[PDB]
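To start, the structure itself, in structure tokens.
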Amino acid sequence: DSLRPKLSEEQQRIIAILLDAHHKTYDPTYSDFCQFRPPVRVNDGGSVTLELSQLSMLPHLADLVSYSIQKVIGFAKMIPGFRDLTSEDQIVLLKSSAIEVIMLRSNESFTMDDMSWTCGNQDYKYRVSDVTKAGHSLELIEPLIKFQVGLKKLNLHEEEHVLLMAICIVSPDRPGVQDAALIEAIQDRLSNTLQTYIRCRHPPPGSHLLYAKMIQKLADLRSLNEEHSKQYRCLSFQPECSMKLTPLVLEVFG
Ligand SMILES: C=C1CC[C@H](O)C/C1=C/C=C1\CCC[C@]2(C)[C@@H]([C@H](C)CCC(F)(F)C(C)(C)O)CC[C@@H]12
Numbered sequence: 118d119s120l121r122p123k124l125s126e127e128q129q130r131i132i133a134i135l136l137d138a139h140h141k142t143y144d145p146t147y148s149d150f151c152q153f154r155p156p157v158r159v160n161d162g163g216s217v218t219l220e221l222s223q224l225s226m227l228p229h230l231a232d233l234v235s236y237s238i239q240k241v242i243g244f245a246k247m248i249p250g251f252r253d254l255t256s257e258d259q260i261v262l263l264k265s266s267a268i269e270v271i272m273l274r275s276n277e278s279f280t281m282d283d284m285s286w287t288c289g290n291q292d293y294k295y296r297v298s299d300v301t302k303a304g305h306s307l308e309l310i311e312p313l314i315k316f317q318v319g320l321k322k323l324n325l326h327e328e329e330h331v332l333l334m335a336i337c338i339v340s341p342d343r344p345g346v347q348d349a350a351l352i353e354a355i356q357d358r359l360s361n362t363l364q365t366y367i368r369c370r371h372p373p374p375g376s377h378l379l380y381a382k383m384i385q386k387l388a389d390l391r392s393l394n395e396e397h398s399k400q401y402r403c404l405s406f407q408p409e410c411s412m413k414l415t416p417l418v419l420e421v422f423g
């Protein structure tokens, strides 16, 4: 049964644009990371009290996330149709999706070799213990690692990866959007591109229900987003926390 319509010229153009956008905004050598405030790892083999007292990994990770938010803003601006949205809707979509797109894009550095995000030598290898040294708890971290492994195991083509990040950003069901119908039309154009790509271009057996597995990952991201936000709120009560973050991070997550 399953018909396999060919990608339209327009859909091929969308894919080309998104790939180019990603290649321009995601440096796979991590060569800027030496510009961030340095990673510091206090001895904490056991402690929430110590973690909050020092927040040793927070300046480095806040700089990494802040940099990544900048990159995602750039990426978003290149999504076909995004600039047709009002400025207010653009900003609502970016602020609401930022953490989720950071989680998706990080999958590229994530490695199942040792369940880390590996971005160079030891200094820029991030493990669960680094995230706890930035003031988060295992209610966020363990589902985050489970999410990274589940995504890695879909073995997405880069085309599918960039479409998934675009679909995440252009979501009509974010609080505070004004033109939900326009956002939905943009998202549907991207979703249709993805569905078509998978059916034409993704060999079996990895194509089996791949679209539905990808839409499930979007739902998973909502849950992580909510948990991150709850934890960020608590982290923000720590005196002097603001100096360890950045203005962009404070705005997006405040
Ligand atoms: C962000 C990327 C993209 C480029 C590389 O691929 C490396 C990479 C890794 C992303 C990583 C590895 C380090 C921990 C990160 C940043 C997670 C952490 C829960 C964010 C916490 C926070 F948001 F920083 C804060 C403010 C303390 O709340 C979310 C994504 C994770």
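Sequence positions in the sequence shown follow PDB author numbering and run 118 to 163, 216 to 423. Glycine residues also receive a C-beta, built at the ideal position from the N, C-alpha and C atoms.
Alpha helix (DSSP H) containing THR301: first to last residue?
Working through the sequence shown from its first residue, we reach residue 301 at position 132. Start and end: 297-301.
With DSSP collapsed to three states, give me the class of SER285.
In the sequence shown, counting from the first residue as 1, residue 285 sits at position 116. In this structure, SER285 counts as strand in the three-state DSSP scheme.
On a Cα-Cα basis, can you pick out the residue from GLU409, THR142, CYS369 that is closest to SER125?
Locating residue 125 in the sequence shown gives position 8, where the first residue counts as 1. Taking only the C-alpha atoms, the option nearest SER125 is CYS369.
What do you get for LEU309, buried or exposed, if any count of 16 or more other CB atoms within 10 angstroms of its CB means buried?
Counted from its first residue, the sequence shown places residue 309 at position 140. The residue in question, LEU309, is buried, as its Cβ has 16 or more Cβ neighbours within 10 Å.
Can you name the start and end residues of the alpha helix (DSSP H) that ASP348 belongs to?
For the purposes of this step, residue 348 is taken as residue 179 along the sequence shown, with counting starting at 1. Segment: none, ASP348 is in no alpha helix (DSSP H) and carries neither H nor E.
Under a Cβ-count criterion, where at least 16 other Cβ atoms within 10 Å of its own Cβ denotes burial, should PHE406 be classed as buried or exposed?
Position 237 of the sequence shown, counting from 1, holds the residue named residue 406. Its Cβ having fewer than 16 others within 10 Å, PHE406 is exposed.
Whether or not the region 395-404 and the region 276-285 are in contact is what I'm after, with contact meaning three or more pairs of Cβ atoms, one per stretch, closer than 8 Å; do they touch?
no
Out of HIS371, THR255, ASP357, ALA231, state which residue places its alpha-carbon closest to the alpha-carbon of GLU327.
Locating residue 327 in the sequence shown gives position 158, counting from the first residue. Per the Cα distances, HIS371.
When the Cα atoms are used, what is the spatial distance from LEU414 to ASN361?
Position 245 of the sequence shown, counting from 1, holds the residue named residue 414. Position 192 of the sequence shown, counting from 1, holds the residue named residue 361. Each residue's Cα considered, the two are about 38 Å apart.
Pair every Cβ in the region 250-261 with every Cβ in the region 217-226, then say whether three or more of these pairs are closer than 8 Å.
no
Spatially closest choice to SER411 from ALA303, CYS288, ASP389, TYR366, by CA coordinates:
The residue labelled residue 411 in the question sits at position 242 within the sequence shown. If we check each option's Cα against that of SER411, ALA303 comes out closest.
Could you tell me the alpha carbon to alpha carbon distance between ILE248 and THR146, rounded to whole angstroms?
To locate residue 248, count along the sequence shown from 1; it is residue 79. To locate residue 146, count along the sequence shown from 1; it is residue 29. The alpha-carbon atoms of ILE248 and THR146 are separated by roughly 24 Å.
Can you tell me the Cβ-Cβ gap for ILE271 and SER237, rounded? I've got them flagged as a contact below 8 Å.
Counting from one through the sequence shown, the residue named residue 271 turns up at place 102. Counting from one through the sequence shown, the residue named residue 237 turns up at place 68. Correct: roughly 5 Å between the Cβ atoms.
Please go through the same chain and pick out, in chain order, the residues whose beta-carbon is closer than 8 Å to the beta-carbon of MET226, but skip the five residues on each side of it.
Here residue 226 refers to the residue found at position 57 of the sequence shown. The answer, listed in chain order, is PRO156, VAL157, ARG158, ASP299, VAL300, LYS302, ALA303.
Under 8 Å by Cβ, that's how I've got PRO341 and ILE352 pegged, so tell me the actual separation to the nearest angstrom.
As a first step, residue 341 must be located in the sequence shown, where it is residue number 172. As a first step, residue 352 must be located in the sequence shown, where it is residue number 183. Contact flag correct, Cβ pair sits at about 4 Å.
One or two residues paired with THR280 in a DSSP bridge
Within the sequence shown, the letter at position 111 stands for residue 280. DSSP lists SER285 as partners of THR280.
I'd like to know whether the C-beta atoms of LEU262 and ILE338 end up nearer to each other than 8 Å.
Taking the first residue of the sequence shown as 1, we reach residue 262 at position 93. Taking the first residue of the sequence shown as 1, we reach residue 338 at position 169. Yes.
Assign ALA267 to one of two classes, buried (16 or more other C-beta atoms within 10 Å of its C-beta) or exposed (fewer than that).
On the sequence shown, position 98 is the one that residue 267 refers to. Buried, because 16 or more other Cβ atoms sit within 10 Å of the Cβ of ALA267.
For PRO416, the first and last residue of its enclosing alpha helix (DSSP H)
Position 247 of the sequence shown, counted from the start, is the residue given in the question as residue 416. 416-422 is the span of the alpha helix (DSSP H), which, as asked, contains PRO416.
Could you say if the region 122-138 and the region 375-393 meet the contact criterion of at least three C-beta pairs nearer than 8 Å?
no
Does DSSP put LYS294 in a helix, a strand or coil?
For the purposes of this step, residue 294 is taken as residue 125 along the sequence shown, with counting starting at 1. Correct three-state label for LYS294: strand.
Quick one: residues in its chain with C-beta nearer than 7 Å to the C-beta of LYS321, no 5 flanking neighbours on either side, listed in chain order?
The count along the sequence shown starts at 1 and reaches residue 321 at position 152. Excluding positions up to five away in sequence, the list reads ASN276, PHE279, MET281.
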